[PDB]
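Here the structure comes first, spelled out in structure tokens, and everything after it is commentary.
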Amino acid sequence: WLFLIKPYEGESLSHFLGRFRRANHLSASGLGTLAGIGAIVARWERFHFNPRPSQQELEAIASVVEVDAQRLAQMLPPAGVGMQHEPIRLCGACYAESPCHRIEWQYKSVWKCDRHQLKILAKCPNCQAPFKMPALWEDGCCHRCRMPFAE
Amino acid sequence: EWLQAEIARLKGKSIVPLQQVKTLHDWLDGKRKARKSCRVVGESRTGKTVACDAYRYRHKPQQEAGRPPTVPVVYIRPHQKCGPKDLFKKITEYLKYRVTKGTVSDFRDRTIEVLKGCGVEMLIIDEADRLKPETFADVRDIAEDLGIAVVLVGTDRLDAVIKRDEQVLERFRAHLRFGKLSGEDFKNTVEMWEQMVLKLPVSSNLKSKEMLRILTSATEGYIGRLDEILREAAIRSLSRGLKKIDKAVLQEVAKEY
Amino acid sequence: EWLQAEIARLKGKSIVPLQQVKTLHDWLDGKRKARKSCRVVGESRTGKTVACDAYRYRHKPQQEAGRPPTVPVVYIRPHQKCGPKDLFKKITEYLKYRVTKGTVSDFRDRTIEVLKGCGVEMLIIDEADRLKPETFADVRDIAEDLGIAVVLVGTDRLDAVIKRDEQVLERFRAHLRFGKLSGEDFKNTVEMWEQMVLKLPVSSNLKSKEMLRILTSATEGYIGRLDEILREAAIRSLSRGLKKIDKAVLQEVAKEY
Amino acid sequence: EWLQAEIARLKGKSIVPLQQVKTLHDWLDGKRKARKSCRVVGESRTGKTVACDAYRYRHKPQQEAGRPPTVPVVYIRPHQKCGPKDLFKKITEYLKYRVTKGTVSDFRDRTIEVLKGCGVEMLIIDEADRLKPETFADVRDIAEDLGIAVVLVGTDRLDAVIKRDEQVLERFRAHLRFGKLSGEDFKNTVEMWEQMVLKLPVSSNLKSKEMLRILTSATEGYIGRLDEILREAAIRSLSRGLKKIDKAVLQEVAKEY
Amino acid sequence: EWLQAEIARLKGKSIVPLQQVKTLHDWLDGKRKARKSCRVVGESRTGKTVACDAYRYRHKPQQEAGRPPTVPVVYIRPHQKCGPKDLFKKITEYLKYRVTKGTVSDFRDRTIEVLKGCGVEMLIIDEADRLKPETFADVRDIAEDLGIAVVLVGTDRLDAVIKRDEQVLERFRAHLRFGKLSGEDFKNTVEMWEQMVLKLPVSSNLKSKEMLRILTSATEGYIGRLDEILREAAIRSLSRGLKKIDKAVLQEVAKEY
DNA sequence: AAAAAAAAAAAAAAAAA
DNA sequence: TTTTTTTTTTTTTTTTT
Ligand SMILES: Nc1ncnc2c1ncn2[C@@H]1O[C@H](COP(=O)(O)OP(=O)(O)OP(=O)(O)O)[C@@H](O)[C@H]1O
Ligand SMILES: Nc1ncnc2c1ncn2[C@@H]1O[C@H](COP(=O)(O)OP(=O)(O)OP(=O)(O)O)[C@@H](O)[C@H]1O
Ligand SMILES: Nc1ncnc2c1ncn2[C@@H]1O[C@H](COP(=O)(O)OP(=O)(O)OP(=O)(O)O)[C@@H](O)[C@H]1O
Ligand SMILES: [Mg+2]
Ligand SMILES: [Mg+2]
Ligand SMILES: [Mg+2]
């Protein structure tokens, strides 16, 4: 049984699950593995966040494993629109100010943060290690060189 | 069938109020307020497991809000050669959380998270001797880091285990010595036992000296034996079509011990 | 409720200045300047861990620029059977960095990066005995490669562990022997205790001989026991509507030890 | 109750200065400076053990520095059929070091290590007769390896044990003889006793010949008997509502011996 | 501040020429020319690692040709429980090549490529004992396939590890035994240490017998302890406003060992 | 994504003298 | 009443595809 995180309607599914783990005291990858063990569906992914039979799984999870049911399905892109296949770029100001990732970062055309009017970044400066918040967390700290990501 | 209804009842168990049980409850209540580490020791079969169970019953969890239940007291009994993954699992299940697959270290944090939020003012670990020595480190950590008092209930053998580790010995020095019954306390207990525990159609008058000397020799002051001797004698008596326990039945049962 | 406000206070903890703590603090200051690695050994309940906490707060984090905080001293307490991934994780979290998923060979290097930049002149590892022998290699590496002194605070049992490895024993030879209280130092400590820790409406005069002999027999010079005996006696006394601790209460509590 | 306060005092023990005690202290002081090993032999109840306790208090341990205290003198009394693990354990505990689990070959070295640093100028072994013969090898080793004097206090029977081993007998050849009291020394001791040990509301005048002949016959020069005869007579007298010891009480007590 | 400038210097480290260091350098030079694998074994704190560093600096990398920098001697110190991917990574980084992502079977071959080209006449592996037994196969392969001699420097414990594998034992039979200081060599080392390592304004005359007996008892011939005792004593002395080390300071420091 | 397979440290036991 | 040793299962771990 998981404790529900503060909902934001603009949150990415990936972030939503990451915040569930942080709040519930485990790792994101650990959450995915544990979620799969609880469900025993066998098609549940650790990192591919948005599958079609997984929509059925998400509905089930939303309705049973939380204290209060959260909107999971709403966060999920189905086919989605203009979906990035490559690493997801992010806004450093957004992570730091509101520890959440926006769904907008997953789609092409949106290359500048609409709130801070700065270009979205894909790689950590100097380090040049590609920085994907779904893998490297919402804390905005680079994996190789543990330097906070800068704009 | 009336006979089977009474046998199905008699073979069961219940809690009888006793001076020793009230004494423990008042003592634990002091340690709870002070958050003080303590130790409970005594001989086998003497009113202890029931007393600890009765205490949990006395102060049941409170669930007046949308947040997790406010569980004040946790009671667990570790399995044989209990290791550090097993102690954490049983504490977590008691508080009604499911344990996910993982290692002890990640599990160290989930146990702390659920020990917090709920009050968990006291932790009673019955049969403390059945624990791997390495696990006493995780018990001290809980007692040290969180405002939680740990009772560590057990038999005489526990003291032989405790004295093997300086840091454990010093922490749990305060103790209550649970004991057995003798004198008037035993006679009054037999009168109470007959009155509450036994509801036989016709009174047996077990307080009488002629049969009390038999119950005394058979029981030797252990509340566990008094319950066996009288509970079996009641079933054996009813099974013969008797409405009470005959002296002959008490003698016949006592001879088996 | 006045009574509950005082009980909520009394059940809490605080740091009392003592001769042993100042001595400890200014000995560590010498080792810090010299970057010397030394051990610190003492008996249980003598107040070894508390003196180490006080030292950390004496020498707080300093930030004079947008760079990471200049953390002067690091204090950690390893979990049971601590391995090399766990030692590095706890050092890194202490300095406020998040640890990413990876192997020992990955955040062994991250640990070095964050030990650098911040001053980190000293590392205090409490309860050194609870560590896998293999991890003492990573401790020596830190002490050897970086201008950092490591304290290795522990009980008498630590010496039995240290002497099992030549390279650890030789490196860590210098020691301070934390001890217990006796004589005038104990009497003055009781006066200080009643003077500062206890704020009871009416004075108990615990320095008087009639009750001091009781505190002495009950305490045996351990600051941990003096704290328990007087802290529980104060709560038990107030709970009876008393404004001070009666000799009868000190005797009643002492009998439990 | 005044009567109970005086009985609780009288039943207790104290040290009275005597010519024999000062003589031993000056003698031991010489052996200490010279680091000479020598025996102390005398009869039972002559006050040999008490004089040794008084000596330990004459030169108390010093705690000026934060380093382990320099104990100039160590006093131990071995248990029955004391073996080599037991002798080392008791020496080590006397210096406030806890003994870890291990073999004789392990804390034989720890004993030496605790012996170094602490001053340990002199080691007094009371009840020297209570040693397995094999342990005298570990005693000689200490006396030889380090410059420490060993008193080896014993009764007349000790000499029968010492003469069974050439190497032990040669080392401890020098000796001091305690003796017993006779003549004026006894009369002066009785006068000292009534003044310093007995504080009865009204003087008994125990120096008087009529009662001194009784104390002489009852005690036969043993300070242990003079203590018993007068200490019991004082309690028995007060219990009758007397303010002093009557001749009749001294006679009544003497008749029991 | 003059005082802080001297403390910042004193807390640092430097290499002092010694007979033992020259002896090793001449010996290694022979093994280098002959390409012979050999061992270096001695006690802790005897200055084994420092002599190896000095050797690397004696024969620095030469880069006067078009081809990659030619390093005649390679020095590495493996991490704890070093496996075959870690040994190859550290050799490759030492020679200044970046290691790309891949398997052991990928940069095992890259390691050979960069061992070749550069002369790489000798490989010095410090702390040989802390290595996985499986990795000694990759070490033999290098020593066998390439004209490279491997030193395998280590403590007494290394011999216990080497004798567990016939093929390793036979290959590394030749050995140089490091030794501690004693006699005149120690006195001359103290004179040298004062002159070159210490820049104190007023001479301490540490060669004098009154203080040399103290340095001898405190040091026991270990160059690592002589370094610590004198380096801490110099900082502690200057911090008191002294221009030299007083006998009292050497005694005060020695008491902590 | 996951599991297996065991090397090795530890802990009574019972036998003599 | 002590001293090996000695044998074995249980285990936490560690990596590899
Ligand atoms: N207060 C009581 N009222 C009624 N029966 C009791 C009470 N206390 C003990 N008993 C009887 O004793 C039995 C259980 O004994 P209990 O578990 O209290 O002994 P114990 O001290 O816990 O044993 P051990 O310490 O050896 O585990 C029950 O079957 C019950 O009938
Ligand atoms: N300086 C101090 N002031 C007040 N109380 C102290 C102090 N030091 C210790 N205590 C008491 O001791 C308890 C904390 O444990 P303490 O530090 O004494 O043990 P320790 O030194 O950590 O020994 P161990 O590490 O073996 O447990 C507290 O409950 C407190 O009452
Ligand atoms: N010639 C020297 N130059 C500098 N320092 C020295 C010298 N001789 C001894 N030392 C001091 O003593 C120590 C000896 O070095 P080190 O401990 O690395 O040798 P080691 O005993 O072989 O180490 P290891 O434990 O790895 O075998 C150093 O830390 C150094 O401070
Ligand atoms: Mg029970
Ligand atoms: Mg502590
Ligand atoms: Mg070295």
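Each chain of the structure tokens is named A, B, ... in the order shown, its residues numbered from 1; ligands are numbered from 1 in display order.
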With 8 Å as the limit and counting only C-alpha atoms, what residues in chain A lie close to chain C? Please list them as an NGL selection string. :A and (136 or 141 or 143 or 145-146)
Both chains have the same sequence, so superpose chain B on chain C over all Cα atoms paired in order and return it as a JSON list (two decimals) with C-alpha atoms, in the first residue's frame.
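As written to disk, superposed26.json reads:
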```json
[["chain", "number", "residue", "atom", "x", "y", "z"],
["B", 1, "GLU", "CA", -1.77, 20.80, 31.63],
["B", 2, "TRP", "CA", 1.36, 21.84, 33.63],
["B", 3, "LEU", "CA", 2.07, 18.21, 34.71],
["B", 4, "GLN", "CA", 2.06, 16.89, 31.08],
["B", 5, "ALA", "CA", 4.25, 19.83, 29.89],
["B", 6, "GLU", "CA", 6.92, 18.90, 32.50],
["B", 7, "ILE", "CA", 6.68, 15.13, 31.69],
["B", 8, "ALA", "CA", 7.01, 15.85, 27.92],
["B", 9, "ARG", "CA", 10.17, 17.87, 28.83],
["B", 10, "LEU", "CA", 11.64, 15.38, 31.38],
["B", 11, "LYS", "CA", 11.29, 12.37, 29.00],
["B", 12, "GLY", "CA", 13.50, 14.31, 26.51],
["B", 13, "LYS", "CA", 17.33, 14.53, 26.34],
["B", 14, "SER", "CA", 19.93, 17.36, 26.60],
["B", 15, "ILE", "CA", 23.76, 17.83, 26.68],
["B", 16, "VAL", "CA", 25.35, 18.77, 30.07],
["B", 17, "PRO", "CA", 28.91, 20.26, 30.01],
["B", 18, "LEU", "CA", 31.37, 17.90, 31.81],
["B", 19, "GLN", "CA", 35.18, 17.73, 32.38],
["B", 20, "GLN", "CA", 35.33, 14.49, 30.29],
["B", 21, "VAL", "CA", 33.57, 16.17, 27.29],
["B", 22, "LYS", "CA", 35.89, 19.25, 27.23],
["B", 23, "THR", "CA", 38.93, 16.90, 27.56],
["B", 24, "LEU", "CA", 37.87, 14.92, 24.42],
["B", 25, "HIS", "CA", 37.13, 18.12, 22.40],
["B", 26, "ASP", "CA", 40.61, 19.61, 23.11],
["B", 27, "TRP", "CA", 42.26, 16.21, 22.28],
["B", 28, "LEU", "CA", 40.33, 15.76, 18.98],
["B", 29, "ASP", "CA", 41.23, 19.40, 18.05],
["B", 30, "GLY", "CA", 44.95, 18.45, 18.28],
["B", 31, "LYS", "CA", 44.48, 15.32, 16.09],
["B", 32, "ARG", "CA", 42.45, 17.45, 13.59],
["B", 33, "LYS", "CA", 45.29, 20.04, 13.12],
["B", 34, "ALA", "CA", 47.98, 17.28, 12.86],
["B", 35, "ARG", "CA", 45.69, 15.12, 10.61],
["B", 36, "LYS", "CA", 46.65, 12.21, 12.88],
["B", 37, "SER", "CA", 44.91, 8.83, 13.05],
["B", 38, "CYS", "CA", 43.69, 8.16, 16.60],
["B", 39, "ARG", "CA", 41.46, 5.79, 18.58],
["B", 40, "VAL", "CA", 38.75, 6.47, 21.19],
["B", 41, "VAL", "CA", 37.76, 3.64, 23.58],
["B", 42, "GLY", "CA", 35.79, 3.33, 26.95],
["B", 43, "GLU", "CA", 33.00, 1.44, 28.79],
["B", 44, "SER", "CA", 29.31, 1.54, 27.77],
["B", 45, "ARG", "CA", 26.96, 4.37, 28.95],
["B", 46, "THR", "CA", 29.68, 6.94, 29.86],
["B", 47, "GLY", "CA", 29.40, 10.33, 28.07],
["B", 48, "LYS", "CA", 30.77, 9.37, 24.62],
["B", 49, "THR", "CA", 28.06, 9.57, 21.95],
["B", 50, "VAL", "CA", 26.96, 12.89, 23.40],
["B", 51, "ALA", "CA", 30.56, 14.11, 23.43],
["B", 52, "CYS", "CA", 31.08, 13.18, 19.79],
["B", 53, "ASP", "CA", 27.72, 14.84, 18.87],
["B", 54, "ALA", "CA", 28.68, 17.94, 20.94],
["B", 55, "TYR", "CA", 31.99, 18.19, 18.99],
["B", 56, "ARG", "CA", 30.20, 18.30, 15.60],
["B", 57, "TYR", "CA", 28.00, 21.04, 17.07],
["B", 58, "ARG", "CA", 31.07, 22.98, 18.20],
["B", 59, "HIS", "CA", 32.36, 23.31, 14.63],
["B", 60, "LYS", "CA", 29.32, 23.50, 12.35],
["B", 61, "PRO", "CA", 29.65, 23.67, 8.52],
["B", 62, "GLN", "CA", 30.27, 27.05, 6.86],
["B", 63, "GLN", "CA", 28.14, 28.16, 3.89],
["B", 64, "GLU", "CA", 29.28, 31.65, 2.93],
["B", 65, "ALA", "CA", 29.42, 31.03, -0.83],
["B", 66, "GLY", "CA", 27.73, 29.58, -3.99],
["B", 67, "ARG", "CA", 30.01, 26.46, -3.77],
["B", 68, "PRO", "CA", 28.98, 23.30, -1.77],
["B", 69, "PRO", "CA", 28.96, 23.76, 2.07],
["B", 70, "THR", "CA", 32.46, 23.63, 3.66],
["B", 71, "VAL", "CA", 31.81, 20.70, 6.04],
["B", 72, "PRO", "CA", 34.89, 20.27, 8.31],
["B", 73, "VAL", "CA", 33.82, 17.22, 10.37],
["B", 74, "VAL", "CA", 31.83, 14.10, 9.26],
["B", 75, "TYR", "CA", 30.12, 11.87, 11.89],
["B", 76, "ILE", "CA", 28.56, 8.51, 10.84],
["B", 77, "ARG", "CA", 27.40, 5.36, 12.74],
["B", 78, "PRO", "CA", 27.55, 2.20, 10.51],
["B", 79, "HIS", "CA", 24.66, -0.36, 10.51],
["B", 80, "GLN", "CA", 25.23, -4.01, 11.55],
["B", 81, "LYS", "CA", 27.72, -6.03, 9.42],
["B", 82, "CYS", "CA", 28.30, -2.84, 7.35],
["B", 83, "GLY", "CA", 29.84, -3.66, 3.93],
["B", 84, "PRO", "CA", 31.76, -1.36, 1.52],
["B", 85, "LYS", "CA", 28.64, -0.06, -0.42],
["B", 86, "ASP", "CA", 26.93, 1.00, 2.89],
["B", 87, "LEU", "CA", 29.95, 2.93, 4.34],
["B", 88, "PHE", "CA", 30.21, 5.04, 1.11],
["B", 89, "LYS", "CA", 26.39, 5.60, 0.89],
["B", 90, "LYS", "CA", 26.17, 6.97, 4.49],
["B", 91, "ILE", "CA", 29.23, 9.30, 4.07],
["B", 92, "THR", "CA", 27.73, 10.71, 0.81],
["B", 93, "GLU", "CA", 24.21, 11.25, 2.31],
["B", 94, "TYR", "CA", 25.72, 12.99, 5.40],
["B", 95, "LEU", "CA", 27.32, 15.62, 3.06],
["B", 96, "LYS", "CA", 23.80, 16.04, 1.46],
["B", 97, "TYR", "CA", 24.42, 14.35, -1.96],
["B", 98, "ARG", "CA", 21.89, 11.85, -3.41],
["B", 99, "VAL", "CA", 23.42, 8.43, -4.30],
["B", 100, "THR", "CA", 22.51, 7.19, -7.84],
["B", 101, "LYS", "CA", 22.11, 3.48, -8.76],
["B", 102, "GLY", "CA", 25.50, 1.81, -9.46],
["B", 103, "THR", "CA", 28.28, -0.48, -8.10],
["B", 104, "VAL", "CA", 30.82, 0.16, -5.27],
["B", 105, "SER", "CA", 33.72, 0.98, -7.67],
["B", 106, "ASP", "CA", 31.92, 3.86, -9.44],
["B", 107, "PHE", "CA", 30.77, 4.77, -6.01],
["B", 108, "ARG", "CA", 34.39, 4.76, -4.82],
["B", 109, "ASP", "CA", 35.00, 7.79, -7.04],
["B", 110, "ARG", "CA", 31.81, 9.77, -6.19],
["B", 111, "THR", "CA", 32.61, 9.54, -2.42],
["B", 112, "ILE", "CA", 36.20, 10.79, -3.11],
["B", 113, "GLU", "CA", 34.80, 13.69, -5.25],
["B", 114, "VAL", "CA", 32.52, 14.93, -2.38],
["B", 115, "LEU", "CA", 35.15, 14.24, 0.35],
["B", 116, "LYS", "CA", 37.16, 16.75, -1.77],
["B", 117, "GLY", "CA", 35.87, 20.32, -2.38],
["B", 118, "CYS", "CA", 34.39, 20.36, 1.16],
["B", 119, "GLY", "CA", 37.18, 20.41, 3.72],
["B", 120, "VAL", "CA", 36.21, 17.17, 5.52],
["B", 121, "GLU", "CA", 39.25, 17.39, 7.79],
["B", 122, "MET", "CA", 37.99, 14.72, 10.15],
["B", 123, "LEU", "CA", 35.82, 11.55, 9.91],
["B", 124, "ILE", "CA", 34.36, 10.09, 13.17],
["B", 125, "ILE", "CA", 33.15, 6.47, 12.77],
["B", 126, "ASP", "CA", 31.22, 5.54, 15.92],
["B", 127, "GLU", "CA", 30.80, 1.85, 16.81],
["B", 128, "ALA", "CA", 33.74, 0.82, 14.61],
["B", 129, "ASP", "CA", 33.45, -2.85, 15.69],
["B", 130, "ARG", "CA", 30.19, -3.24, 13.71],
["B", 131, "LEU", "CA", 31.91, -3.29, 10.31],
["B", 132, "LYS", "CA", 32.92, -6.18, 8.00],
["B", 133, "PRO", "CA", 36.76, -6.64, 8.25],
["B", 134, "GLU", "CA", 36.98, -6.13, 4.43],
["B", 135, "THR", "CA", 35.76, -2.50, 4.80],
["B", 136, "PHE", "CA", 38.82, -1.43, 6.89],
["B", 137, "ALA", "CA", 40.73, -1.39, 3.54],
["B", 138, "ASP", "CA", 38.46, 1.44, 2.23],
["B", 139, "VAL", "CA", 38.86, 3.33, 5.55],
["B", 140, "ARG", "CA", 42.71, 3.08, 5.32],
["B", 141, "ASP", "CA", 42.57, 4.22, 1.64],
["B", 142, "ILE", "CA", 40.61, 7.38, 2.65],
["B", 143, "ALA", "CA", 42.96, 8.05, 5.61],
["B", 144, "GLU", "CA", 46.04, 7.43, 3.38],
["B", 145, "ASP", "CA", 45.03, 9.17, 0.07],
["B", 146, "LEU", "CA", 43.29, 12.26, 1.57],
["B", 147, "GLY", "CA", 44.48, 14.66, 4.34],
["B", 148, "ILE", "CA", 41.71, 13.29, 6.64],
["B", 149, "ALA", "CA", 42.03, 11.95, 10.23],
["B", 150, "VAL", "CA", 39.76, 9.04, 11.29],
["B", 151, "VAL", "CA", 38.79, 8.76, 15.01],
["B", 152, "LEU", "CA", 37.30, 5.17, 15.14],
["B", 153, "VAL", "CA", 35.32, 5.59, 18.42],
["B", 154, "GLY", "CA", 34.19, 2.43, 20.30],
["B", 155, "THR", "CA", 33.90, 0.09, 23.32],
["B", 156, "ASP", "CA", 36.46, -2.42, 24.77],
["B", 157, "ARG", "CA", 35.42, -5.08, 22.20],
["B", 158, "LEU", "CA", 36.76, -2.91, 19.28],
["B", 159, "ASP", "CA", 40.39, -3.64, 20.44],
["B", 160, "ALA", "CA", 39.71, -7.40, 19.96],
["B", 161, "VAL", "CA", 38.64, -6.61, 16.33],
["B", 162, "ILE", "CA", 41.51, -4.13, 15.59],
["B", 163, "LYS", "CA", 44.27, -6.58, 16.72],
["B", 164, "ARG", "CA", 43.12, -9.09, 14.05],
["B", 165, "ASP", "CA", 44.71, -6.97, 11.23],
["B", 166, "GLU", "CA", 48.38, -5.81, 11.45],
["B", 167, "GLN", "CA", 47.94, -2.90, 8.97],
["B", 168, "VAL", "CA", 44.89, -1.49, 10.88],
["B", 169, "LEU", "CA", 46.45, -2.00, 14.34],
["B", 170, "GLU", "CA", 49.59, 0.01, 13.51],
["B", 171, "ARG", "CA", 47.73, 2.93, 11.92],
["B", 172, "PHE", "CA", 45.40, 3.60, 14.89],
["B", 173, "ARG", "CA", 47.77, 3.08, 17.85],
["B", 174, "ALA", "CA", 47.24, 6.48, 19.55],
["B", 175, "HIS", "CA", 44.20, 6.30, 21.90],
["B", 176, "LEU", "CA", 42.13, 8.26, 24.50],
["B", 177, "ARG", "CA", 40.62, 6.22, 27.35],
["B", 178, "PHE", "CA", 37.13, 7.54, 28.10],
["B", 179, "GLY", "CA", 36.25, 6.67, 31.69],
["B", 180, "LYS", "CA", 33.56, 6.73, 34.39],
["B", 181, "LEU", "CA", 32.99, 9.14, 37.35],
["B", 182, "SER", "CA", 34.14, 8.62, 40.99],
["B", 183, "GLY", "CA", 34.85, 10.77, 44.10],
["B", 184, "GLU", "CA", 34.17, 14.57, 44.15],
["B", 185, "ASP", "CA", 33.61, 14.63, 40.33],
["B", 186, "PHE", "CA", 30.44, 12.51, 40.91],
["B", 187, "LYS", "CA", 29.14, 14.72, 43.79],
["B", 188, "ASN", "CA", 29.74, 17.90, 41.69],
["B", 189, "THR", "CA", 28.00, 16.21, 38.69],
["B", 190, "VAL", "CA", 24.90, 15.46, 40.86],
["B", 191, "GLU", "CA", 24.83, 19.14, 42.02],
["B", 192, "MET", "CA", 25.14, 20.28, 38.38],
["B", 193, "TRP", "CA", 22.55, 17.76, 37.18],
["B", 194, "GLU", "CA", 20.00, 18.88, 39.75],
["B", 195, "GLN", "CA", 20.65, 22.52, 38.89],
["B", 196, "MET", "CA", 20.43, 22.29, 35.08],
["B", 197, "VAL", "CA", 18.75, 19.02, 34.10],
["B", 198, "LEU", "CA", 16.07, 19.25, 36.80],
["B", 199, "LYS", "CA", 13.86, 22.38, 37.13],
["B", 200, "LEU", "CA", 11.44, 20.99, 39.77],
["B", 201, "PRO", "CA", 9.30, 23.60, 41.66],
["B", 202, "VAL", "CA", 10.98, 22.64, 44.98],
["B", 203, "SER", "CA", 14.70, 21.65, 45.37],
["B", 204, "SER", "CA", 15.55, 17.97, 46.20],
["B", 205, "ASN", "CA", 19.05, 18.66, 47.67],
["B", 206, "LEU", "CA", 20.42, 15.48, 45.94],
["B", 207, "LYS", "CA", 24.00, 16.42, 47.05],
["B", 208, "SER", "CA", 23.06, 15.43, 50.65],
["B", 209, "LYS", "CA", 24.93, 12.33, 51.91],
["B", 210, "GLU", "CA", 21.82, 10.37, 52.95],
["B", 211, "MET", "CA", 20.61, 10.27, 49.29],
["B", 212, "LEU", "CA", 24.07, 10.62, 47.59],
["B", 213, "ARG", "CA", 25.10, 7.17, 48.98],
["B", 214, "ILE", "CA", 21.91, 5.81, 47.28],
["B", 215, "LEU", "CA", 22.66, 7.56, 43.93],
["B", 216, "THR", "CA", 26.28, 6.25, 44.22],
["B", 217, "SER", "CA", 25.19, 2.59, 44.82],
["B", 218, "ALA", "CA", 22.52, 2.83, 42.06],
["B", 219, "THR", "CA", 24.84, 4.64, 39.56],
["B", 220, "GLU", "CA", 28.31, 2.98, 40.08],
["B", 221, "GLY", "CA", 29.83, 6.06, 38.30],
["B", 222, "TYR", "CA", 28.02, 5.58, 34.93],
["B", 223, "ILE", "CA", 26.62, 8.95, 33.67],
["B", 224, "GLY", "CA", 23.99, 6.90, 31.76],
["B", 225, "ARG", "CA", 22.60, 5.44, 34.98],
["B", 226, "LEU", "CA", 22.60, 8.77, 36.90],
["B", 227, "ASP", "CA", 20.48, 10.22, 34.06],
["B", 228, "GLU", "CA", 18.01, 7.26, 34.11],
["B", 229, "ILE", "CA", 17.66, 7.11, 37.94],
["B", 230, "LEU", "CA", 17.01, 10.89, 38.36],
["B", 231, "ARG", "CA", 14.96, 11.37, 35.11],
["B", 232, "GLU", "CA", 12.51, 8.51, 35.96],
["B", 233, "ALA", "CA", 12.37, 9.55, 39.67],
["B", 234, "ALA", "CA", 11.41, 13.13, 38.61],
["B", 235, "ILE", "CA", 8.52, 11.89, 36.37],
["B", 236, "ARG", "CA", 7.35, 9.31, 39.00],
["B", 237, "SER", "CA", 7.47, 12.03, 41.74],
["B", 238, "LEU", "CA", 5.50, 14.69, 39.74],
["B", 239, "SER", "CA", 2.93, 11.99, 38.75],
["B", 240, "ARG", "CA", 2.17, 11.62, 42.52],
["B", 241, "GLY", "CA", 1.63, 15.42, 42.90],
["B", 242, "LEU", "CA", 5.04, 15.98, 44.57],
["B", 243, "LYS", "CA", 7.09, 19.19, 43.94],
["B", 244, "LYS", "CA", 10.43, 17.38, 44.61],
["B", 245, "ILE", "CA", 11.99, 13.85, 44.60],
["B", 246, "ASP", "CA", 11.52, 12.08, 48.00],
["B", 247, "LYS", "CA", 14.22, 9.68, 49.36],
["B", 248, "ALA", "CA", 11.47, 7.00, 49.17],
["B", 249, "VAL", "CA", 11.23, 7.52, 45.35],
["B", 250, "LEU", "CA", 15.03, 7.24, 44.81],
["B", 251, "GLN", "CA", 14.98, 3.98, 46.86],
["B", 252, "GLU", "CA", 11.89, 2.63, 45.00],
["B", 253, "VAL", "CA", 13.58, 3.29, 41.59],
["B", 254, "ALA", "CA", 17.02, 1.98, 42.71],
["B", 255, "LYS", "CA", 15.38, -1.35, 43.79],
["B", 256, "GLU", "CA", 14.45, -1.99, 40.10],
["B", 257, "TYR", "CA", 18.17, -2.14, 39.10]]
```
Residues of chain G within 12 Å of chain E, only C-alpha atoms (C1' of nucleotides) counted, as a JSON list (two decimals) with N, CA, C and O atoms (P, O5', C5', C4', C3', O3' and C1' of nucleotides), in the first residue's frame:
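Result file is out09.json:
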```json
[["chain", "number", "residue", "atom", "x", "y", "z"],
["G", 14, "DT", "P", 29.04, -8.62, -2.68],
["G", 14, "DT", "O5'", 30.41, -8.89, -3.46],
["G", 14, "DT", "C5'", 30.83, -10.23, -3.69],
["G", 14, "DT", "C4'", 30.40, -10.71, -5.06],
["G", 14, "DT", "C3'", 29.86, -9.63, -5.97],
["G", 14, "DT", "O3'", 30.92, -8.99, -6.65],
["G", 14, "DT", "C1'", 28.60, -11.68, -6.16],
["G", 15, "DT", "P", 30.59, -7.86, -7.75],
["G", 15, "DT", "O5'", 30.35, -8.69, -9.10],
["G", 15, "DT", "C5'", 31.37, -9.57, -9.57],
["G", 15, "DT", "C4'", 30.79, -10.64, -10.48],
["G", 15, "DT", "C3'", 30.07, -10.13, -11.72],
["G", 15, "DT", "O3'", 31.00, -9.89, -12.79],
["G", 15, "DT", "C1'", 28.73, -11.77, -10.63],
["G", 16, "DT", "P", 31.72, -11.09, -13.59],
["G", 16, "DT", "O5'", 30.59, -11.64, -14.59],
["G", 16, "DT", "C5'", 30.68, -12.97, -15.09],
["G", 16, "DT", "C4'", 29.34, -13.46, -15.60],
["G", 16, "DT", "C3'", 28.84, -12.76, -16.84],
["G", 16, "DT", "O3'", 29.38, -13.38, -17.99],
["G", 16, "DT", "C1'", 27.07, -13.00, -15.25]]
```
